[PDB]
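Below: the sequence, then the experimentally determined structure.
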Amino acid sequence: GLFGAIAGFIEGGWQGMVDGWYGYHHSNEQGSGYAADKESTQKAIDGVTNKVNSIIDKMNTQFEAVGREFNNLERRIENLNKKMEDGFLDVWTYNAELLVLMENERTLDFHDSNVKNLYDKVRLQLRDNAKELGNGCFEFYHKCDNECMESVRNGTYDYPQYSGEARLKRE
Amino acid sequence: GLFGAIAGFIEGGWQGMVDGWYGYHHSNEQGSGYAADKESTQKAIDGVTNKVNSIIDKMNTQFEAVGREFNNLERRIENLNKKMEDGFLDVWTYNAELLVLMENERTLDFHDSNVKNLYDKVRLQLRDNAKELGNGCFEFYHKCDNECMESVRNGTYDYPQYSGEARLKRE
Amino acid sequence: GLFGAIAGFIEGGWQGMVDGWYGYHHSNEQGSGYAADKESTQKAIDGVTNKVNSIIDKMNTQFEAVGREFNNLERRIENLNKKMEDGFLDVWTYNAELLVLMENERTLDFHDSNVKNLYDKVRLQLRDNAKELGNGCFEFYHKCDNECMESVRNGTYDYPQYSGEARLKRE
Amino acid sequence: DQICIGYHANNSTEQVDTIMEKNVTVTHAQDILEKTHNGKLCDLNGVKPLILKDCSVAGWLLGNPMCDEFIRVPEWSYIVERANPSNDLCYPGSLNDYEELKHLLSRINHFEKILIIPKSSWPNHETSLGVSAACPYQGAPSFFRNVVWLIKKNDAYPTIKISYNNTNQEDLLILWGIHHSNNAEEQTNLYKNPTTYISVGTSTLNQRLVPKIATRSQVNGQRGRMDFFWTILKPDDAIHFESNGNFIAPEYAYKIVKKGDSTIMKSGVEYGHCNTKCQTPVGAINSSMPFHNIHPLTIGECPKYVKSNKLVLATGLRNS
Amino acid sequence: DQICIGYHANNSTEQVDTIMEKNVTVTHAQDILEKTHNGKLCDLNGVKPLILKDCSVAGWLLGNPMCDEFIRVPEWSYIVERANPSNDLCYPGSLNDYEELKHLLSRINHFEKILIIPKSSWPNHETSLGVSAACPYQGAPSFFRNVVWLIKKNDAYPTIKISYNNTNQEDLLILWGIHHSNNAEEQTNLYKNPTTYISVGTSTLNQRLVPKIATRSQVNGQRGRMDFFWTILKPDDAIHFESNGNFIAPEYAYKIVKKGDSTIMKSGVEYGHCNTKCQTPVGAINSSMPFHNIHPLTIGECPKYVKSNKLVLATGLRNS
Amino acid sequence: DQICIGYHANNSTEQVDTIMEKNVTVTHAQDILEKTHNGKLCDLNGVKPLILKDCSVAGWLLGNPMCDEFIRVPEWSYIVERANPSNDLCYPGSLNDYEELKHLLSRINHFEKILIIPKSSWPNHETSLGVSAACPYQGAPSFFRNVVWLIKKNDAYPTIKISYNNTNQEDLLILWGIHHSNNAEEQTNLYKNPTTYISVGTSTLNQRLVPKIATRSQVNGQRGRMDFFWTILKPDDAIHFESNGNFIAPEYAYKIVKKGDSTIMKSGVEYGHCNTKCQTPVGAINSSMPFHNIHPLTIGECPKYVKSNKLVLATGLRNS
Ligand SMILES: *[C@@H]1O[C@H](CO)[C@@H](O[C@@H]2O[C@H](CO)[C@@H](O[C@@H]3O[C@H](CO)[C@@H](O)[C@H](O[C@H]4O[C@H](CO)[C@@H](O)[C@H](O)[C@@H]4O[C@@H]4O[C@H](CO)[C@@H](O[C@@H]5O[C@H](CO)[C@H](O)[C@H](O[C@]6(C(=O)O)C[C@H](O)[C@@H](NC(C)=O)[C@H]([C@H](O)[C@H](O)CO)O6)[C@H]5O)[C@H](O)[C@H]4NC(C)=O)[C@@H]3O)[C@H](O)[C@H]2NC(C)=O)[C@H](O)[C@H]1NC(C)=O
Ligand SMILES: *[C@@H]1O[C@H](CO)[C@@H](O[C@@H]2O[C@H](CO)[C@@H](O[C@@H]3O[C@H](CO)[C@@H](O)[C@H](O[C@H]4O[C@H](CO)[C@@H](O)[C@H](O)[C@@H]4O[C@@H]4O[C@H](CO)[C@@H](O[C@@H]5O[C@H](CO)[C@H](O)[C@H](O[C@]6(C(=O)O)C[C@H](O)[C@@H](NC(C)=O)[C@H]([C@H](O)[C@H](O)CO)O6)[C@H]5O)[C@H](O)[C@H]4NC(C)=O)[C@@H]3O)[C@H](O)[C@H]2NC(C)=O)[C@H](O)[C@H]1NC(C)=O
Ligand SMILES: *[C@@H]1O[C@H](CO)[C@@H](O[C@@H]2O[C@H](CO)[C@@H](O[C@@H]3O[C@H](CO)[C@@H](O)[C@H](O[C@H]4O[C@H](CO)[C@@H](O)[C@H](O)[C@@H]4O[C@@H]4O[C@H](CO)[C@@H](O[C@@H]5O[C@H](CO)[C@H](O)[C@H](O[C@]6(C(=O)O)C[C@H](O)[C@@H](NC(C)=O)[C@H]([C@H](O)[C@H](O)CO)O6)[C@H]5O)[C@H](O)[C@H]4NC(C)=O)[C@@H]3O)[C@H](O)[C@H]2NC(C)=O)[C@H](O)[C@H]1NC(C)=O
Ligand SMILES: *[C@@H]1O[C@H](CO)[C@@H](O)[C@H](O)[C@H]1NC(C)=O
Ligand SMILES: *[C@@H]1O[C@H](CO)[C@@H](O)[C@H](O)[C@H]1NC(C)=O
Ligand SMILES: *[C@@H]1O[C@H](CO)[C@@H](O)[C@H](O)[C@H]1NC(C)=O
Ligand SMILES: *[C@@H]1O[C@H](CO)[C@@H](O)[C@H](O)[C@H]1NC(C)=O
Ligand SMILES: *[C@@H]1O[C@H](CO)[C@@H](O)[C@H](O)[C@H]1NC(C)=O
Ligand SMILES: *[C@@H]1O[C@H](CO)[C@@H](O)[C@H](O)[C@H]1NC(C)=O
Ligand SMILES: *[C@@H]1O[C@H](CO)[C@@H](O)[C@H](O)[C@H]1NC(C)=O
Ligand SMILES: *[C@@H]1O[C@H](CO)[C@@H](O)[C@H](O)[C@H]1NC(C)=O
Ligand SMILES: *[C@@H]1O[C@H](CO)[C@@H](O)[C@H](O)[C@H]1NC(C)=O
Ligand SMILES: *[C@@H]1O[C@H](CO)[C@@H](O)[C@H](O)[C@H]1NC(C)=O
Ligand SMILES: *[C@@H]1O[C@H](CO)[C@@H](O)[C@H](O)[C@H]1NC(C)=O
Ligand SMILES: *[C@@H]1O[C@H](CO)[C@@H](O)[C@H](O)[C@H]1NC(C)=O
């Protein structure tokens, strides 16, 4: 919610988009179908997988909780051992619980920032040739074929060719 | 300071606004008074209260610092106990101090991001009908009554009605 | 990468800029040389130095790893001591390694957010008088001397004087 | 005719700590550290604590003649005593497993002192003469109240055959001891037996003691020593005592009637006629803060201890 | 003719925990906590564990007549026994350094029981009559199998001169003991020697024992006690026994042939004819999760223990 | 005619670690881990350490004939010795509370050895013949320098009545011992007393010792043992020795004149004629880094130990 894209900016995710995590509702006279950004999703999946794997990797070394026996006259040492046992389990439980809580923010912020990043990437390429709306959708001033849809996805939008068309249409 | 709204973007907070945390300096021919966004402030208060309560909830389980007695010939065990006592207090002090430091960033970033979020929310509704300035203030191209002030607050701004007025005024 | 400026937005840093960390590739008919923002860099250096110093300051108090001797019949106490030794070293190693990992995100995010902040600061001053491009570069609608370059750096850009020139040029 | 956005600003001077920026002023902040206390000993949940007026745990249990205000004590929430109590083993010696006994006593809230062995059960020994000046009372030779120093009577010391059922439903704490003489003449002049022994037998305890007649140095004016021992007698369990001499026979035992939680606290603070949920050797925390920095050792409902001088969690925005 | 941006949304109900917002629904989440187990004792890496059927470690080592199914045991991965084994020191007494011995046994995976001292090495003592009813077999007086209770023969008890080379290449665990009588007549009626001793001498051990003839209380119908002792004899090291009486002579030692890692586990679960990498007193973790919350004590390839009821790491976006 | 924004880029290859992306190149980075050391033993704050050349702490204190270079030692910063010193209790035996003594010696920086009991204080015993071959010197029978093995003189062994004031202003460490014979003839042939004892009495110490005449195995060619004991005599406190035989009488005590902080360090490194603030069994840290990974045990001004192979904190931006 820090970057304010996934939660509040765009009302909700698309239920019919099953490939990847971040996609493009390309609407055109040829067809109104969904899509997905392979490059953005893959690095998002790579980052999440790296985060969880590194979390597990750094958590393989903790306290082993070895049990010991003490007689009736060694209650002080037994309590000395018992409190260490609980003390090490308490901090490791605190470390595990807190790490999940903080990383949950980062994972959701990472997902929140990504949609904001893909939001900006399309906006910076399209510039004035597209009318930006309250939702994540961009209403193109100029009609274009599926070539322009995939050009936006590929990151190789041809601005000067469509700049004149938008200027002529706008009055 | 990460989102750059509360600290540097807008020069400072409003001293005369005492209700809530995030508000709107609605300036109009009828009256130049302050306001507050109940929805944005309440979720900000809810998040902060949830953060501090959960911090306390996860901190109720730490080391109890139980005292023990040792004789003159058990100095090794006494030092063994003494170092655990200090070692557990050191890590818990480090955990408490560091958690406050990190959560202080998140709380200030959360507050910084919120004003940026309310900044974007008004901008995305107003679009070209309002002239955006260097401060957080938006200079409307078209004059409007207090109805438009509360419409912006409610999130139900009527764009098409005022779009023609702004276009006619702009030359 | 959260704020998406240093990594993906702008293709890469400038190799020829050796002063400070954040700078301005001021291109003009008088000369195309580099520059640096002293105010933005200094607070970035101050924040980074404060972060590392405070990290060291809060890490001066950890477990001392005092060695002790135990005979053959005190293997339970020796193992009791040995596990505490390793347990305290494990959590402190986890604390040190994780703190570096998390602070590495914050430092890179802080650097990522700063370039985004300097990106917004120039954009909010320049407004429509400059044509914003896909990179971090701003193409001015109106030609101006090195006075305007340093005016943007100083944060005292004269908007109304150059607003008329841009409007006349734009058609 | 313009809308604008800002945040709440007040005139407060609350400051928070951020790892990248110290001394940050905020509009609203919540303090999570408690740094104040009443400074007096205070009752725990309405139960008056056991305050040892310059007396030790061992001196109280053994019946120190000076520590006679603890002859009958009510239920207590915790035991508090000075760091270096002057009244502690008036006669020179030691208490075996003294630290273990204190750990055991940390979870007992009430004792019901009973006369397990009356003074009339020794018709062939001498209960009257076991008085020292290392243990004086009103400036007269005297000795510990809860145990009996047995001396030879009519130039004789018959072997002791004493057994005792634990017919009660609670554990019984039994205190006995052995006296170490100085030389051979002292041993025969006070016990009539040169070679003595003390054998104690229970279900789990099998102990035999022999006095160490050696030459030591004067402690409290006495070169003799007395080593005291303790045991916990389970219900329906019998304890047997066989001794030829040097026996400090038990007289009063202790019923463990209430067994909860408590601590043995070292503080020189005075009682204050108070009422607190959590106690501290320095004072009492009258607050519900997440953290405190008064003392690591705390009894009752106690907040977490940290070694930080300040702990403030930012709640409002930056004050500027 | 318009492009748009959104994120993946599914119909799942996975929930994650965030410090500022509980109960957050996400599209995809990864569970990192294991809360399931088979509920039965299960083999560790294909090695059958040593399951003591209501028997203790000391009873197994000393040769409890009831615990006779462990006369010859194969290699084991860990030792599991009940919390309160009924068969434990059938004759009343204690085993010295019992907790230390259990710690030593925690790193032994196999024993090769050998007859270090045959029953034919006592032609002047009595191996037949050392039978008690505190240690009955098929309802007949009997005694521990691995040690020999020596009684006087022909109204005599010659001093024992026994030495033994450790010619083997592995450490030998030797168990002996001392019997504490009740009275002087019992001592002379069973040992013929009023004042006895037991001296054991190795390279590192110099021990002398004297019985404590006192009056104790009936445990398992017997007011007598037997204290047992153990040592680890190094290769090429000799052990010497000199005793005048009250000697529980060793008969069977134990070779430490395999010395790896193991645990002594307290659980009442039954065997299940299973195969697991990590074991638990409650069950067995058949998973590769980062964390688990079954039991802190775990042997084998075991995930980390935490005291949290749930641990879910968010992977996908918010489900809305 | 255009302004632009970017960041500093250099040609360095510094790499940092991020939990979501390994191996990230940055323009400027700060290393916070120290992985280098001088590799030699080095002085601590200009004070030469006490280096035991293949000698043990007990051998140095008892006066091992081979370890004669430590007869008079100057002030030291720490004690360093090999993991398995060859010169350690040349005569077979043990030192009671040896681990406790080493802990006590860890906070002593100087000793002032004094002749508390001169050799002329034994006119009725034999100081000359207490020589063994387990403790040889220049290939001649010899014995520990700081204690005296007393032998019977003129076929007699009168009881020892020795007392000593601690008139000094510092604590005195007194080392004595007891000799365990092999058989009864050896006892009468060397001590003239079959039944002997050693009683030591101070303000806080009441000890009685009886030799264990048993049959053990040859250690360093001797089947006899010597158990040594130590005590800390407080100022104005007297120590008394009463012995009938088997007494290893003290000859030299040790004044605790300087009592600071130190460690007992196990390393086989050689001296290097150096000067360091923090020492390590592996070497010496000549740096002011926040962290190091050389050895957990470190004396002096020492950085924190972590078990990480690398620790780099990002300072500059990403290098790309
Ligand atoms: C090392 O350093 C120390 C100093 O730190 C030096 O010590 C010094 O030693 C010299 C030796 O000459 C002293 O010199 C003295 O000079 C002054 C001034 O002239 C004299 O006052 C001193 O008198 C002492 O020694 C005299 C030798 O002639 C004696 O004549 C004289 O009597 C005295 O000895 C003590 O006498 C008192 C008299 O009351 C004895 O009191 C009673 O004795 C009883 C038997 O021992 C009991 O002990 C009794 O205690 C009771 C009790 O507990 O109350 C009685 C009770 O009825 C009993 N209960 C029962 C049930 O029976 C119990 C019970 O028996 C016991 O508890 C059993 O354990 O006992 C007690 O009241 C003293 O006992 C007796 N002394 C003892 C302890 O034997 C002396 O001439 C210096 O003054 C002295 N300096 C000091 C101490 O600071 C060493 O010299 C130094 N070493 C060297 C080599 O220089
Ligand atoms: C405190 O509280 C307790 C209760 O908690 C009270 O206890 C109570 O005491 C009263 C006293 O009168 C009891 O009264 C009883 O009333 C009932 C009913 O009438 C009687 O049955 C009781 O009889 C007992 O005492 C009688 C007194 O006249 C005796 O005549 C009677 O014989 C009996 O005593 C016991 O007798 C049995 C007979 O078999 C003895 O068994 C054998 O004795 C041997 C010698 O001691 C051995 O011990 C032998 O054990 C073996 C073995 O281990 O198997 C044999 C083996 O061959 C040996 N091995 C070798 C190698 O030699 C070993 C070996 O010798 C040993 O191991 C060496 O250590 O031994 C054994 O089978 C008993 O020993 C004998 N008693 C003993 C232990 O001496 C009695 O009249 C109450 O019933 C009683 N209540 C209880 C107990 O709950 C106290 O009174 C209370 N205190 C007060 C002040 O009130
Ligand atoms: C179990 O496994 C082991 C092996 O691991 C086997 O051991 C083996 O046992 C057989 C038995 O026959 C040995 O056989 C041998 O064959 C060889 C070759 O023929 C012989 O050399 C062996 O000789 C030994 O035994 C002979 C028997 O006839 C003796 O005649 C012969 O003398 C020798 O015994 C030893 O003799 C030496 C001679 O110097 C003695 O030395 C002196 O003895 C003194 C009295 O004991 C002192 O101990 C003295 O030490 C000093 C000192 O410390 O320096 C002197 C000093 O003056 C004293 N100081 C003062 C102040 O008085 C101190 C002081 O008294 C003490 O410190 C007090 O504690 O003492 C010392 O120099 C030896 O003592 C004496 N032996 C002893 C220790 O009594 C023998 O015939 C095998 O060789 C042998 N194999 C080994 C050992 O590896 C067992 O057999 C196996 N068990 C079974 C059942 O098979
Ligand atoms: C453009 O996008 C299409 C997806 O249909 C892909 O196959 C093609 O490789 C892309 N081209 C470039 C240059 O990225
Ligand atoms: C609009 O705002 C006013 C505040 O004056 C509030 O009372 C009203 O309920 C809001 N209406 C809607 C539809 O949100
Ligand atoms: C403007 O920038 C120049 C840099 O050349 C600096 O010297 C000057 O002080 C600045 N003026 C102000 C008002 O910031
Ligand atoms: C308190 O706040 C008011 C504005 O709400 C301000 O005028 C006043 O100066 C503040 N008080 C102080 C001491 O600054
Ligand atoms: C913050 O303020 C306190 C007291 O006002 C002062 O002691 C401390 O040095 C300050 N911290 C800084 C200036 O970093
Ligand atoms: C302090 O004690 C009083 C009564 O003893 C109680 O009412 C109150 O809740 C406690 N806490 C505070 C913060 O006053
Ligand atoms: C599962 O998802 C589909 C869309 O993919 C949706 O229509 C359906 O209602 C979902 N199932 C449930 C039980 O909500
Ligand atoms: C989350 O849901 C669980 C079960 O659905 C419930 O027990 C818990 O109270 C919820 N947490 C909230 C409402 O904060
Ligand atoms: C469970 O055990 C089986 C065989 O015992 C094994 O194949 C499997 O990998 C284990 N783990 C899981 C998660 O099934
Ligand atoms: C070092 O940096 C310069 C630019 O400052 C670059 O030209 C050079 O190639 C770099 N060196 C290497 C080895 O890459
Ligand atoms: C990072 O680089 C090091 C050495 O250059 C290499 O060992 C390691 O595998 C790399 N990490 C990766 C590729 O994740
Ligand atoms: C290393 O030692 C020298 C002298 O011994 C000292 O001047 C220096 O500060 C130390 N540290 C470093 C990093 O050189």
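Yep, it's here. Residues are numbered from 1 along each chain as shown, chains lettered A, B, ... in the order given. Ligands and ions are numbered 1, 2, ... in the order given.

hey, let's count contacts and neighbours off CA atoms from now on
Fine.

doesn't residue D:43 make contact with residue D:276?
Yes. If you go by C-alpha atoms under 8 Å, residue D:276 and residue D:43 touch, sitting 5.5 Å apart.

show me what contacts residue D:318?
B:6, B:7, B:108, D:9, D:24, D:25, D:26, D:27 (C-alpha atoms under 8 Å, 6 or more residues apart in numbering or on different chains).

so how far is ligand 13 from it?
Taking C-alpha to the nearest ligand atom, to the nearest Å as the measure, residue D:318 falls 40 Å from ligand 13.

partner residues bridging that residue?
Beta-bridge pairing of residue D:318 under DSSP bridges involves residue D:26.

Distance check, it against ligand 9.
28 Å.

Let me have the contacts of residue D:318 in a markdown table, extended by distance to ligand 10 and neighbour count.
Below are those laid out as a markdown table (distance: C-alpha to the nearest ligand atom, whole Å; neighbours: other C-alpha atoms under 10 Å in any protein chain shown):
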| residue | distance to ligand 10 | neighbour count |
| --- | --- | --- |
| B:6 | 41 | 27 |
| B:7 | 43 | 18 |
| B:108 | 38 | 23 |
| D:9 | 46 | 23 |
| D:24 | 48 | 16 |
| D:25 | 48 | 19 |
| D:26 | 45 | 22 |
| D:27 | 45 | 21 |
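
Regarding the closest residue to chain D within chain A, what is its secondary structure?
Residue of chain A nearest chain D, by C-alpha to the nearest C-alpha: residue A:76 (6.5 Å). Per DSSP: H, G, I helix; E, B strand; the rest coil, the local secondary structure of residue A:76 is helix.

Around chain C, pick out the residues from chain A.
Residues of chain A lying close to chain C (C-alpha under 8 Å from any C-alpha of the partner chain) are A:58-59, A:61-63, A:68, A:81, A:84, A:88, A:92, A:109-110, A:113-114, A:117, A:121, A:124-125.

I meant to write chain D there.
Residues of chain D lying near chain C (C-alpha under 8 Å from any C-alpha): D:19, D:20, D:21.

from memory the second one sits against residue C:53, does it?
No. Between residue D:20 and residue C:53 no contact is recorded; they are 9.0 Å apart, counting by C-alpha under 8 Å.

what about those two, which has more around it?
Using other C-alpha atoms under 10 Å in any protein chain shown, the more surrounded residue of residue D:20 and residue C:53 is residue D:20, with 19 against 15.

Who are the contact partners of the more buried one?
Counting by C-alpha under 8 Å, 6+ apart, residue D:20 touches C:47, C:48, C:49, C:50, C:51, C:54.

now residue D:66
D:87, D:136, D:137.

rerun at 10 Å
By C-alpha atoms under 10 Å, 6 or more residues apart in numbering or on different chains, residue D:66 lies in contact with D:54-55, D:59-60, D:87-88, D:90, D:135-138, D:142-145.

contacting residues around the residue of chain D found nearest chain E?
When scored by C-alpha to the nearest C-alpha, chain D has residue D:201 as its residue closest to chain E, at 4.4 Å. Contact partners of residue D:201, counting by C-alpha under 10 Å, 6+ apart, are D:163, D:207-208, D:238-242, E:212-217, E:223.

List buried members of the residues you listed by neighbour count.
D:163, D:208, D:238-242, E:212-217, E:223 (16 or more other C-alpha atoms under 10 Å in any protein chain shown).

now those in CSV, with distance to chain B and secondary structure?
Shown next, in CSV, are the buried ones among the contacts of residue D:201 (distance: C-alpha to the nearest C-alpha, whole Å; DSSP: H, G, I helix; E, B strand; the rest coil):
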residue, distance to chain B, secondary structure
D:163, 32, strand
D:208, 23, strand
D:238, 30, coil
D:239, 28, strand
D:240, 29, strand
D:241, 28, strand
D:242, 30, strand
E:212, 27, coil
E:213, 31, coil
E:214, 30, coil
E:215, 32, coil
E:216, 30, coil
E:217, 32, coil
E:223, 34, coil
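
Which PyMOL command selects the buried ones in the contacts of residue D:20?
Remark: buried members of the contacts of residue D:20, expressed as a PyMOL selection using 16+ other C-alpha under 10 Å:
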select buried, chain C and resi 47+48+50+51+54
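
The closest residue to ligand 15 within chain A: helix or strand, and which one exactly?
Residue of chain A nearest ligand 15, by C-alpha to the nearest ligand atom: residue A:58 (30.6 Å). If you go by DSSP states H and E, residue A:58 is part of helix A:38-59.

circling back: and of the contacts of residue D:20, the nearest to ligand 2?
residue C:54 (68.4 Å).
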